[PDB]
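Descriptive analysis of the structure
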Amino acid sequence: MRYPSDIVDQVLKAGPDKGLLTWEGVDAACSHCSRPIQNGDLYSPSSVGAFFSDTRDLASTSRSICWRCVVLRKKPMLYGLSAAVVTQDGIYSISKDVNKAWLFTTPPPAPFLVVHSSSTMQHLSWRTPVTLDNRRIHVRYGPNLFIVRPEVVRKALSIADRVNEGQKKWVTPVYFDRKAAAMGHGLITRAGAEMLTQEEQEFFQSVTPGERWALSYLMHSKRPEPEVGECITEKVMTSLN
Amino acid sequence: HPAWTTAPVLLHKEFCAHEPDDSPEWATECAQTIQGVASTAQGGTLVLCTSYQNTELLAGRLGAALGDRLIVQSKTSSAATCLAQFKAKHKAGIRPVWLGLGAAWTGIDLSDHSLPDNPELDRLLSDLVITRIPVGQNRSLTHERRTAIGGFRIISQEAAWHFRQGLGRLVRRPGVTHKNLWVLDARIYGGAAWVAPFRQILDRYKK
Amino acid sequence: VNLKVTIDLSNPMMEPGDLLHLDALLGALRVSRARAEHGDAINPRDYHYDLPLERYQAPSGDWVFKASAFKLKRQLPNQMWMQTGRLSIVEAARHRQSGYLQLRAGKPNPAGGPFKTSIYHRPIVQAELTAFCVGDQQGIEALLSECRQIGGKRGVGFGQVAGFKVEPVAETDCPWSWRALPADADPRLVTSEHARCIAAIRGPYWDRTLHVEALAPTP
Amino acid sequence: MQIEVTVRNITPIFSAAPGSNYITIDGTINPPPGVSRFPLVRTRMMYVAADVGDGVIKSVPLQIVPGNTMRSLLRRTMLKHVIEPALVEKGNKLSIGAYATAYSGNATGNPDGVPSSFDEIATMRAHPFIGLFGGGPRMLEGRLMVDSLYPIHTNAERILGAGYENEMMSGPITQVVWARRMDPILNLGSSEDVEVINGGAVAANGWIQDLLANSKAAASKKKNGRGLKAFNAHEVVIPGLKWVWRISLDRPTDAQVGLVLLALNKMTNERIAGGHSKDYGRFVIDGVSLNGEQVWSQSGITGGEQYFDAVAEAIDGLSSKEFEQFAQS
Amino acid sequence: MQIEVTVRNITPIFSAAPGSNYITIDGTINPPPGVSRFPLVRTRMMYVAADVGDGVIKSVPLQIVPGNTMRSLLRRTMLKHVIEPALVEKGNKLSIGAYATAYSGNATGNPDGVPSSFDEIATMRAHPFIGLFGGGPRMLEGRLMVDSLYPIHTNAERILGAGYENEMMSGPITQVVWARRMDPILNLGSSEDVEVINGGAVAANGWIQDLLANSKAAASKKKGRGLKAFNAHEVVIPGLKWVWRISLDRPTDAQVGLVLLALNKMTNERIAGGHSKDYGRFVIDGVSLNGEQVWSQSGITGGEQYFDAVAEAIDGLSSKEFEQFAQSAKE
DNA sequence: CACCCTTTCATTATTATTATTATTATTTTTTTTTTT
Ligand SMILES: [Zn+2]
């Protein structure tokens, strides 16, 4: 639960590929795991092909991939974990809006790991930190790290309900982009400019960009109730093995 | 454009609040300011008017006030005659005041050649006064055609050129000291936009 | 001396993904001051703790600087900045036929590789940034006077500091604890905003090798 | 080391902005739905805090070119004008990662974290070009900083806080330029116009009936293969405007300032913000203030002869082996 | 080559501005509502930073032809007068997608984002025409870069640095020109005039009754569209001096020779629009090649290396490069 | 061997917009120079 690579041996039980070298000398961190490779641990030399564009988010310059990372750099891991929720018991998919609602409102209690793809697939499994505390959450989205506070998210939900009590048509207070790519992602709507209090407007700017991206998922017209993911740990294991 | 062309220059904030429209009220107010400059002068003074009418009005307001000290340039008084006159009065120890125009704006050496090696004691021109921004001072055929092509950009451009040539009378060599510059046109201190170039030459002096 | 720094900046800066400690900023200013003094070829880990900032020690080691993360008072609405990295395919074709370039492959790939056009959107804030710290004044003054910009990706010109003011304040008036510190840190300093995470507490806050369990606030 | 380059865009500026921006037949931008609205990519714009009109600052639009585009333009002008000719004369050639680090600054040479020794870090930052644009796998710090091209405008008046109130623009900065592609098989019409076609008359008529059927299919769809007719808009910055450009070098070598100065000398044949076909980004340099003293002439940079001499010795000393050692190892 | 060409329009210039503009009968553009207004189709305007007064720098409207427009015009002159003549004196022929690529840039919409080979990009940018107009489905960067047509005007002083202070206009630069569109059978006067119409007087009088019924319908709506449409359109005045800056980033000599041979065919071409009203005719009065004046009244009388290069490249012209340019990777 | 190429995964699900606003109209009177 301390490193992202702990989702290889504590969940999704896999062994080394056994074409991997054993580490010798003064210990260094893995390039991808951020985990120190210690003497007697299995590593591969960094055999990343030239298409690998996540060199920017590498932890260290060791050019040494830990074996857990080698499993994380498998493609079934890359597309399988593209839209899933990681917990100490198993993986849940965060693809459903209600799955997202369940993640940012009443999250699971375990030290989980939240990974979401801005494209078809990228390498985001080994570059996001694990979330020891439910209150502060590290979300990987595309190539950008994110922080969601669930308490802030529920509070923003309560206001989006509260200004929308008693009117037939659901109007969002503030636009958010699901891809978080628009210039207006974060900008308050004119209807929200009139239905938004001075403290509320300054609160809604005060949220971190992860919560902006989160509240894009659950801020639409049909408000999603928090519903637990369907299991993907067995699917990922089947796709890996 | 060296620093020593503007370093001895003394810039005063005092001016004539009346704009020059060839009116009597302007000429009395500008004559009062010119009398103030002449009183604070410890040497020769050249005020530079644009038009003959402005010069005639100033002369009628300053002749009895300033006595023998006044020099006027007119139809019967050339710039060279008043040049030798100005040098003669500075030779005699009294402080002359000059109501100069025409060639007094451009192309006159107001530095002492009786003081070649010592510019620190050069005192032929202690006070230079600009009574009006020199607009419309060239009326040649080629320049009127060029004005007709370009518009007011040519006129404001040539007015800035005549303004810098009138301002070049103060410093003619390095080493001079305590040189006084005055501008009394009220468009200098108004918020009008078209007189904006005459700010930035004015911005090269301080205090 | 128990003082607050506020900084007002001209261009908008990139909105920091994770809380940025003031101590991290002044450690970089000390590193660049050393690069001015002791030349380019110097190890930055020797000077990035040489700070005019006091040190809070956790009960089991785990010392952090007495600084806090910068809190944002937004003057402008938040926006998102797109930037792309695209290699010039046309220039590369000319250099390939000319022989200056030595690439065997004849086809580019915008999905990945050398010629990967790539588009990324980073959050942007223009604000006033406030940080609490415990520390002497004049070293912080000289450092922040050397400081030109704030925010990430400065090579494209973001977040230039228009000015800064640094002034003393009361002992109870400044929670400097709004900062990533070891969880073993004393309770007085951990508030409800602090939470457990894989956070850096010191020095390079991007060094994932040095990352460990920590109680940190959210930006 | 601060360089302030003030330029005047001879042709308009169009730095394309993300988003599906919408515009009516008139100038109304992003109309409410239910009206006839048209696609539109505007120029890059940001909300800046300007102290205009009163003592408070407000978020006003300010349309510029991003500093990433400008850093890339400076990098490419050095590459084509200085690095290309000097390197080409020697006879040296660049590999995959050498060209990727020189031209893109990307880590595709080897896409893993290169551990760089301090001696290598000191001499490549002491190298001119690698000092200016470090990056790629070695992850090197750039000595050169590029600020974005800010126009001399009321909205940027606090960014240009002192010495820029003269020749300073006010009011609207952008204008919608409309572009229509149309079908040229609509613009035929003589028998001499059609003999150049494979299939000729029948091929052109088959194109016509395909366009007709596509039009009827679209009309029935409203109540995926498109044609060639395309009427669209793009918002551009107006030409003739003076832009500022801040180039800050963090403790440079002398050859680095000489390289930036040679780029500013030879930059006149290169363009800003794209829009190549419309020939947008054409510009002329009005001034270059090196640490505040004006050094730009109409015929290049007059002065800074130590910079020119240092970069002359450097580009005589320029070699691709330094690029390869910056790339691979 | 930084080609600068000054062309004197000898008839008005009408590159129409999209929008919904109106004008009263007097000639006030876009009047306040309630007054009788007629639709006005203005010429193409760009706002330009210009020197009004001295340092009061302002966005004024300057009336231009778009760079996209005159770029298309440059393409069509070379395509009409150099490329396709030299393509049909031999047996080469073009597919309809490759004609659409040679004229509109692309054979269709919906471009393939799959890029193109480096040997391909190099061979198309070494082509005389394709390197100039780099369209295709895989989007090339063409090396021809065409300016908007600027009138040599006091509002374009910042655009045109020096050398154009003489022969430079000022003030208002346009004229509103009105059109009537008179219904033709109202002009009908006798049985001799009406014999070509089927039925003669009965059909003419029937359309007259239709027009009066539509007039009652219009009077009912105020308090199916006829052939009386009296409107206005704003043109740029004739005889103005304009500047045109062609730009070529490291051209092959054949490519600038293609520009110069196109310029040779620039005469008897129409700039902007108004083809019924002869708008857009012009005469080139100057061509400069790197600032060197290369235009006589007979023709170019210069740029000879580019001329023989484009000569050798147009007997070497064939349809294979055009077809492999227009070929779509998905299709 | 390094490189260069071809094809697998996910299923999300509404979609606010910046409502900012857009094409002009101001001076003014010298008197030089040193050529045929
Ligand atoms: Zn690893």
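A brief look at the structure comes next. (Residues numbered from 1 in each chain as written, not as in the entry; some residues may be left out. Chains lettered and ligands numbered in written order. Part of a larger assembly, values for the part shown. Heavy atoms only, no water.)

1. Remarks on the overall build of chain D
Threshold: Each helix corresponds to a stretch of at least 4 residues labelled H or I by DSSP, and each strand to a stretch of at least 2 residues labelled E; elements are numbered beginning at the N terminus. Only the C-alpha atoms count toward the radius of gyration. The rule for a globule is 2.2 Å times the residue count to the power 0.38. Using a 1.4 Å probe on the protein chains alone, a residue whose accessible area is under 20% of its type maximum counts as buried, one over 50% counts as exposed, and one in between counts as partly exposed. The accessible surface values rely on the Shrake-Rupley method and a 1.4 Å probe; as for residues, cover is taken only from the protein chains in view. Positive: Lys, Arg. Negative: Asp, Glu. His and the chain ends are not part of the count. Charged groups are reduced to one reference atom each: NZ for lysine, CZ for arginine, CG for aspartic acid, CD for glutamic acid.
Looking only at helices and strands, chain D has 9 helices and 15 strands in total. The C-alpha atoms of chain D give a radius of gyration of 25 Å, which is well past the 20 Å a tight globule of 329 residues would have. Overall size of chain D, expressed as C-alpha extent along the three principal axes, is 70 × 60 × 40 Å. Looking at the 329 residues of chain D, the share that counts as buried comes to 56%. As displayed, chain D has an accessible area near 13200 Å², and 53% of this comes from carbon and sulfur atoms. If you average the places of the 31 positive and of the 32 negative side-chain charges in chain D, the two averages end up 10 Å apart.

2. Observations concerning the sheet that holds strand 4 (residues 42–45) of chain A
Residues and elements named next belong to chain A. Stated formally: Paired strands, as defined in this entry, are two strands with at least two bridges between them according to DSSP.
Taken together, 3 strands build an open sheet; the order of strands is 1-4-5 and the sheet is antiparallel. In the strand order of this sheet, the two ends are held by strand 1 (21–22) and strand 5 (64–66), each with one partner. Relative to strand 5, strand 4 is paired through 3 bridges, and the arrangement is antiparallel. Paired with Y43 across the two strands is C66, which belongs to strand 5.

3. Here we look at helix 4 (residues 141–150) of chain B
All names here are of chain B. Short version of the rule: Arc, as used here, means the arc of the directions from the helix axis to the C-beta atoms. Whether two residues are in contact is decided by their heavy atoms, any of which lying within 4.5 Å being enough.
Considered for burial, the residues of helix 4 that qualify are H143, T147 and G150. The arc enclosing the buried residues of helix 4, seen along the axis, measures out at 80 degrees, which places them on a common side. Away from its buried face by more than 90 degrees, helix 4 exposes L141, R145 and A148. In the core, the buried residues of helix 4 are packed alongside helix 5 (152–167). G151 lies just past helix 4 and shows a positive phi near 95 degrees.

4. What to know about the sheet that holds strand 5 (residues 71–74) of chain C
Residues and elements named next belong to chain C. Test applied: Working convention: axes come from line fits to C-alpha atoms, limited for helices to the stretch in contact. Angles between N-to-C directions cover 0 to 180 degrees.
Reading across the sheet, the 4 strands line up as 5-8-1-9 and stay open at both edges, with antiparallel pairing between neighbours. Of all strands in the sheet, those with a lone pairing partner are strand 5 and strand 9 (161–168), marking the two edges. Put simply, the sheet's adjacent strands are angled 20 degrees from each other on average, direction ignored. Pairing analysis gives 4 bridges linking strand 5 to strand 8 (residues 127–132), with the strands arranged antiparallel. Paired with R74 across the bridge in strand 8 is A127. Most of the contacts of helix 3 (residues 138–146) go to strand 9, to which it runs at about 175 degrees, and overall it touches strand 1 (3–9) and strand 9.

5. Re the arrangement of the chains
Ranked by contact count, the leading pair among the 6 pairs of chains in contact consists of chains D and E. Across the gap from chain B to chain C, with no contact made, the nearest C-alpha atoms are 25 Å apart. At no point do chain A and chain E touch; the closest pair of C-alpha atoms across them sits 16 Å apart.

6. Quick word on the protein's contact with DNA strand F
Defined as follows: Throughout this document, a residue counts as near a molecule or strand when at least one of its heavy atoms sits within 4 Å of that molecule or strand. Each polar contact in these results corresponds to two N or O atoms within 3.5 Å; when the atoms are within protein, one needs to be able to donate a hydrogen and the other to accept it, and residues that are neighboring in sequence are counted only if both atoms are side-chain atoms.
As a matter of local geometry, DNA strand F sits amid 45 residues, with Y52(B), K75(B), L101(B), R104(C) and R42(E) nearest to it. A share of 58% of the atoms of DNA strand F within 4 Å of the protein falls on sugar and phosphate groups. Between DNA strand F and the protein, one listed contact pairs a phosphate oxygen with a side-chain N or O atom of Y52(B) at 2.5 Å. Note that a phosphate oxygen of DNA strand F is positioned 3.4 Å from one of the side-chain N or O atoms of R187(B). Broken down by secondary-structure element, the contributors of at least two residues to the surface near DNA strand F are helix 3 (75–80) of chain A together with helix 2 (52–66) and helix 5 of chain B.

7. Focus: the packing of aromatic side chains
Here a ring pair, both rings aromatic, is described through the centre-centre distance and the interplanar angle of the planes. This is how the line gets drawn: Pairing of aromatic side chains requires ring centres within 6.5 Å, counting the rings of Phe and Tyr and the six-membered ring of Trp. Pairs whose planes differ by under 30 degrees are stacked, by over 60 edge-to-face, and all others tilted.
Applying the stated criterion to the full structure yields 33 aromatic pairs over all chains. Here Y99(E) and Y103(E) contribute two aromatic rings whose centre-to-centre distance is 4.7 Å and whose plane-to-plane angle is 50 degrees, an arrangement assigned as tilted. Of the two residues, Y99(E) and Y103(E) both sit in helix 2 (residues 96–104), 4 residues apart, roughly one turn of that helix. Each of the two residues, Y99(E) as well as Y103(E), counts as buried. By way of ring pairs, the aromatic residues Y141(A), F146(A), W213(A) and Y217(A) are connected into one cluster.

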